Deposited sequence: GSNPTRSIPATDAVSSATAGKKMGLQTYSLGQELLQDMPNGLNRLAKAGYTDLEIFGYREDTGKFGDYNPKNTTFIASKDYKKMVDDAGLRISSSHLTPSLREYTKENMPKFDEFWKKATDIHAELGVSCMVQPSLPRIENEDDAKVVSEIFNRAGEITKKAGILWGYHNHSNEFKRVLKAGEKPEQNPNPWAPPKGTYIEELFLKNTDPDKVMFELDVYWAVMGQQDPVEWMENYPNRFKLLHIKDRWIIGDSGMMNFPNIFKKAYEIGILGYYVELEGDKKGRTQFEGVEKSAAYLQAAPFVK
């Protein structure tokens, strides 16, 4: 399985992940061949989606796949499912509901241990209107992470942009004031229970320097999502040389590429392949 950035038959491919939600139906409609395509482009790792808490199976948004069959398909293609995005159906993040969230995470961990993932990540922000809401959410995240860690799996949280809104304390006189939501989650979660999958793109879209966040919480951001307008490295917006330099400094465990739907009529496979080509050729990507 040749590395694309070096001709030598001893050069390992760069380790590179993809969030498969990027491909939607293009992958699901022909998975063996699609997986081979991803492997040919240099992807080594997948972060999946679609876990259903009632059945314990994975599906898009008729048919659902069990962990064993999922793992087999991906393994046969020379890939590994190393992460998974999942969110409880329960939307009420209250102290009273903490045992219900535990039940979700316990069952999900059992299924994901079968799947053989290293990480389980929640990518969905609860309602946060003040600090207290963020603290209760953080307590629930802690409990989730303790549960996953029993199986040797890292629990993490994936941000978009709204985590870079500020919230005040309950009772705090309004008028910048308040604390970033992301900051509150960091400060109120245990590093041994909870890590963060830093979305560098949605951080920039929230007016943040992702390198600054990485520098301030170096042991907490253990994964990145690598995202751009579309094709990674094709826009005016993101400084991937600096993001990757800081990532290696802080010791990230890995990253997953994601693309949203194209606006110019192209396939997701194209964007995913061209993203891979950039990262594979980039000398700042290890």
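Several segments of the deposited sequence have no coordinates for C-alpha: 1-7, 69-72, 187-194, numbered from the first residue.
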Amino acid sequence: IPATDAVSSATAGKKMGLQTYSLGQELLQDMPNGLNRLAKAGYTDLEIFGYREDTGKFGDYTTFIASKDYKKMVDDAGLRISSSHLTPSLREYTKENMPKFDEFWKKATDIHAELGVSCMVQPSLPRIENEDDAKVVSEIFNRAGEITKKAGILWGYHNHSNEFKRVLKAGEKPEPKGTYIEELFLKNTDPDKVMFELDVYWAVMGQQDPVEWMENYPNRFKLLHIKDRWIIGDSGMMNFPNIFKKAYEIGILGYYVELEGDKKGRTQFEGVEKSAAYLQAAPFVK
From here on, numbers count along this sequence of modelled residues.
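Here the stretch with the larger average CA B-factor, out of 182-190 and 90-98, is 90-98. Looking at mean Cα B-factors across 119-127 and 207-215, the upper value is held by 207-215.
Remark: of 237, 31, 232, 243, 31 shows the highest value [criterion: C-alpha B-factor in the PDB entry]. Across 146, 197, 175, 139, the greatest Cα temperature factor reported in the deposited entry is at 175. Among all modelled residues in its chain, residue 226 ranks in the lowest third by Cα B-factor. In the deposited entry, the Cα temperature factor of residue 150 sits in the top third of values across the chain's modelled residues. In the deposited entry, the Cα temperature factor of residue 250 places it in the highest third of its chain's modelled residues.
The PDB entry assigns residue 134 a C-alpha temperature factor belonging to the lowest third of its chain's modelled residues. Residue 51: CA B factor in the middle third of modelled residues in this chain (values from the PDB entry).
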